[PDB]
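Everything below concerns the one structure shown next.
Atoms within a ligand are numbered from 1 in the order they appear, just like the ligands themselves. We count residues from 1, following the sequence as given. FYI, side chains are in, hydrogens and waters are out, and symmetry mates aren't considered; it's all heavy atoms of this structure.
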Amino acid sequence: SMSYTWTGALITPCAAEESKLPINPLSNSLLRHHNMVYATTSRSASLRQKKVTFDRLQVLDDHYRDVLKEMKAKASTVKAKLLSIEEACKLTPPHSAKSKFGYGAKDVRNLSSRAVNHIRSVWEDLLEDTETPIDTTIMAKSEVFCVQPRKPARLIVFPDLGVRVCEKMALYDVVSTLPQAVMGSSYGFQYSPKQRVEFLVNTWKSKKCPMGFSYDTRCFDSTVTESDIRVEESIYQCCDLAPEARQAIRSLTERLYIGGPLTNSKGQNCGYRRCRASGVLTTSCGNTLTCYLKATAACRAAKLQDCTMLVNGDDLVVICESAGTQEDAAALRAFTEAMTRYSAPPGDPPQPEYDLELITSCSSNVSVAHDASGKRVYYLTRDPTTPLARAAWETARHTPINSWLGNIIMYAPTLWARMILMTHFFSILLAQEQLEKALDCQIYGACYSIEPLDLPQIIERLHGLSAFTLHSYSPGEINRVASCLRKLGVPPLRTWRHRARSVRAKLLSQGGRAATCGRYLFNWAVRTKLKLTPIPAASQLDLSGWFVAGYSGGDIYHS
Ligand SMILES: Cc1cc(NS(=O)(=O)c2cc(Cl)c(Cl)cc2Cl)no1
Ligand SMILES: Cc1cc(NS(=O)(=O)c2cc(Cl)c(Cl)cc2Cl)no1
């Protein structure tokens, strides 16, 4: 069937849309080529609609069925709990889209009678009506990028807030626990950046002759078929579940997940969806299961040897045993045809890699540096282009989500995050005296409230003390960074070193947590380094839950 059907009504915006980076003294200090940074808007919607609209091809074989049974057998060991309205309400982001039924996210979090009453009626409707399609709003997503030698906006589809709260009640525990139980070490969201690096490295070193490849599926969500969504549900149904939960999952699958009507911001019928909606609770879990299922079966079909997979939603990386140069290439080609038959056609043609560092997965790659003792240490890094473009943007325009805080946390050990992100943002937080003001950011799709002054401990817990002493980065990494800066008009690293010294000093002067930031975060700036010892409060942080599952588009907030 067609992934989408359009009536012709436009995908409209529900407010003005900013698309250019403002000329701002603060952002200009970070990146000068402001015309190279842009944000996607609804104006490019019709271009994305054209790319995601096509008839799907799907042929299932024995390998597929064998893998499905193996997964369901593992899903059988799970017992998921039904969440109370209260718990589900507490999981709602303070700035989540307001309902069209007289209440907003604040009301849901406060458990106001109106919100809670409407939520119950939605739940009860789910238990009674097993077929009426549920409404969804389709919007053009606003994302920031750097021009290329442009990207059309992504399309986000989501149901009303009442429904989103009901999804949590029935499936929050499921999508938070089942992936791991079914996929084991192959489930990516269970790892922190350091654990992910450890898994990829260990997996690589375990092969007699490693060969790896990332596999980019062409617009994954639109490739998910009705059969994929029912197969996915047949997996969830193996969990021990409360009666109402089992029914809510059954109704939600047929009324929301397999597809439904699309309505624009103006209230006009835009068309219909018969594929994965990006904004429902099961998108991340469902995509990871679907991708893992097809890929695992595809490997057997292609005769790839000892396939180890790491999956995060639609992002897939595979590490296996080489059978020779020509053999690997032929087998990779058969792998791709197998996925295509499963309705997971390729975007960028996959290529076999024999150098672990040359493999990009989840937009990142493993690289190497050295700690104080001179010992080698693997860490996760990426092309800083997008992070830098977004940092500039978030500096000139106040944004709800601060990707820079999240990039600092996730890429703390990198050359660019240390010399540029930490320096730029701490310098600004000092100038405006807002070092103690908590900010919102996202980790694996989940929204978190974080205080900048807690970065030292957080970084220590997630990456270890070595994140504050890495030096002697690799030539390729250093060159990718420098090259990136020249392209975007970002002052050269030498300049950032100089700015860092001034920042560090100011931080120490203030003492307290502020001084701790100067000591650990900017120890790389001074030539006469300090002895960095374990931070007290670090071994006490409750980082339980930060890396459990993916919640992209799941409207999740963790307090
Ligand atoms: C920050 C940030 C990004 C994020 N989610 S994500 O961009 O999908 C992501 C980031 C990283 Cl680093 C890895 Cl290894 C894997 C994933 Cl899937 N969560 O926090
Ligand atoms: C972090 C960090 C900084 C550092 N040394 S540094 O002198 O600041 C530095 C490193 C590199 Cl690689 C470049 Cl191109 C330029 C500079 Cl000025 N080592 O790790």
Would you say [X]'s side chain and [Y]'s backbone share a donor-acceptor pair under 3.5 angstrom?
| X | Y | answer |
| --- | --- | --- |
| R276 | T225 | no |
| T283 | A277 | yes |
| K294 | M339 | no |

Could you find the nearest protein heavy atom to [atom] and give me its residue, atom name and distance?
| atom | answer |
| --- | --- |
| atom 14 (Cl) of ligand 2 | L493 CD1, 3.5 Å |
| atom 2 (C) of ligand 1 | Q442 O, 3.4 Å |
| atom 1 (C) of ligand 1 | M410 CG, 3.1 Å |
| atom 5 (N) of ligand 2 | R497 NH1, 4.5 Å |
| atom 9 (C) of ligand 2 | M419 CE, 3.9 Å |
| atom 6 (S) of ligand 1 | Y444 CD2, 4.3 Å |
| atom 11 (C) of ligand 2 | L415 CD1, 4.2 Å |
| atom 19 (O) of ligand 1 | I443 CA, 2.9 Å |
| atom 3 (C) of ligand 2 | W524 CE3, 3.5 Å |

- prompt: Is the closest heavy atom of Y191 to ligand 1 under 4.0 Å?
  reply: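 Judged by the 4.0 Å heavy-atom criterion, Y191 does not count as contacting ligand 1.
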
message: Any heavy atom of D315 closer to ligand 1 than 4.0 angstrom?
response: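 Flag not set, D315 not near ligand 1.
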
Polar contact flag, side-chain donor to acceptor under 3.5 angstrom, [X]-[Y]:
| X | Y | answer |
| --- | --- | --- |
| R48 | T40 | no |
| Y557 | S96 | no |
| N407 | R390 | no |

query: Who's closest to atom 18 (N) of ligand 2 heavy-atom-wise, of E477, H471, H370?
result: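 Looking at heavy atoms only, the winner is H471.
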
- prompt: What class does the angle between the rings of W416 and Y411 fall in, given that below 30° is parallel, 30 to 60° is tilted and above 60° is perpendicular?
  reply: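 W416 vs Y411 ring planes: tilted.
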
query: Do the rings of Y448 and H558 sit parallel, tilted or perpendicular, given the 30° and 60° boundaries?
result: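 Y448 vs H558 ring planes: tilted.
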
query: Can you tell which part of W496 has a heavy atom less than 4.0 Å from ligand 2: side chain, backbone, both or neither?
result: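 None of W496 does.
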
- request: Answer whether the closest heavy-atom distance between the side chains of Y378 and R376 falls below 4.5 Å.
  value: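 Yes. Closest side-chain heavy atoms under 4.5 Å.
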
Could you tell me, atom by atom, which parts of ligand 1 come under 4.0 Å of a heavy atom of [X]?
| X | result |
| --- | --- |
| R196 | 14 (Cl) |
| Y411 | 12 (Cl) |
| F189 | 17 (Cl) |

message: Is the contact between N312 and ligand 1 made by the side chain, the backbone, both, or neither, using heavy atoms and a 4.0 Å cut-off?
response: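 The part of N312 near ligand 1 is the side chain, not the backbone.
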
query: Pick one: which of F189, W546, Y191 meets ring-ring contact (aromatic ring centres under 6.0 Å, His included) with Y444?
result: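 Going through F189, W546, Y191 one by one, the ring-ring contact (aromatic ring centres under 6.0 Å, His included) with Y444 is satisfied by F189 alone.
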
- request: Using the salt bridge (charged side-chain N to carboxylate O under 4.0 Å, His left out) rule, take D555 and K168 through it: C-alpha gap first, then chi angles, then the decisive distance, then the call.
  value: CA-CA 9 Å; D555 192 43; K168 291 159 167 75; 3.6 Å; yes

task: Would you mind running through ligand 2 and noting each atom that sits below 4.0 Å from a heavy atom of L470?
output: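 Those of ligand 2 that fall under 4.0 Å from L470 are 19 (O).
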
task: Pull out every atom of ligand 2 sitting under 4.0 Å from any heavy atom of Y473, numbered as shown with elements.
output: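 Those atoms are 19 (O).
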
- prompt: So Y257 and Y236, ring-ring contact (aromatic ring centres under 6.0 Å, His included) or not? Walk me through it.
  reply: CA-CA 13 Å; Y257 307 143; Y236 302 150; 7.9 Å; no

